[PDB]
């Protein structure tokens, strides 16, 4: 029973999703003119607010709402503490639409109560390869290729309702209003991820974690000491030793990315991403925005052996408030972002990622089993966590695919 999701243009059950063969819209074509010009109705103690994303104070207000009310684990140990600079970066990519950032405020005192954000993404979302092959056996290639062109769509993130306003059906209202503002700009599909199960994922993958500071992670109970370590005289010394890393990167040529790297980086990234069924298409402007280093937010390194860039890796920072332990304020996580390797094995590229993230004081390295992330798990000592990232479309019928056919990283 989903009183809201049952009303929406999404597949309704797993069985429906495993029955789908081609990519395409769920809904009837609609027009910009068809869409209400007036904001969705909301109780008169509240108003809609469109925050200004290049205004430091508005960023601050969104920052605080998320700090106190955004994602926690189920045991209330950690809550995301995305920084202000991270939010400006995430919410203001090139050609972003200010209207797509949707907030609810109390009319009386302008207190922020809820938020949802949309940003533009150019995404390949045509029929996956194996379904195309089948359609070609059967003379249905035309139907299977109809939506192969990259689509300019919306990416949803940062949905948050204040803790005091939970389970008052406010999330559906935020989602309806976001949908309206995006539809008004002639966009009819969206992509979103969630740690929770909703109708209905097109792909789902486990989270993986690479301990960088194991003693801190045990202390805060992000991690436990596995039971075989108890046969050691000093469990923690064995644990520290098991996860230890060099201080200096191993690849010669490794340096930080710079603006003149953009075209080379774009080329090797796009060549690599194009091999997945679902992936973003990036302009020079978007490579520069999503990958150029920004202090405390995104860290990007290239391999340049012979004034020629042949590999790169990137990671981003999300700290979490450590809610139940007084000895630490923040767990500092580094998230594996985009990468491409043409001159060295991927496990060797990513070892340097761990080395850099460790030397910069990160506690853990996190990723989902999308891209070729499975390919270096065992050797680099990542372990699976209890979490899953699920990938969804809005108003797009899509076959169930494996997470290793997904090339879209979500922030």
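Residue numbers count along the first chain shown, from 1. In this text, the rigid core denotes the largest set of C-alpha atoms whose superposition between the two forms falls within 1.5 Å.
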message = Given a rigid core fit, name the stretch, 111 to 119 or 220 to 228, whose C-alphas are on average farther from the form shown here in 8 other deposited structures of this protein.
response = 220 to 228
Between 210 to 218 and 133 to 141, the one whose CA atoms sit farther away in 8 other deposited structures of this protein (rigid core aligned) = 133 to 141
remark   = The stretch whose C-alpha atoms carry the larger average B-factor in the entry, 335 to 343 or 242 to 250, is 242 to 250
note = Ranked by mean Cα B-factor in the entry, 207 to 215 and 231 to 239, top stretch is 231 to 239
note = One of 131, 71, 103, 197 has the largest Cα B-factor in the entry, namely 131
key: Per the PDB entry, maximal CA B factor within 98, 280, 141, 126   = 141
request  = Could you say whether, by C-alpha temperature factor, residue 85 belongs to the lowest, middle or highest third of its chain?
outcome  = lowest
inquiry  = Using only modelled residues of the chain, where does the Cα B factor of residue 46 rank: lowest third, middle third or highest third?
reply    = highest
request  = Just say lowest, middle or highest third for the CA B-factor of residue 266 relative to the other modelled residues in its chain.
outcome  = middle
request  = Rank-wise, by C-alpha B-factor, drop residue 1 into the lowest, middle or highest third of its chain.
outcome  = highest
request  = Pull the Cα B-factor of residue 259 out of the PDB entry and bin it into the chain's lowest, middle or highest third.
outcome  = lowest
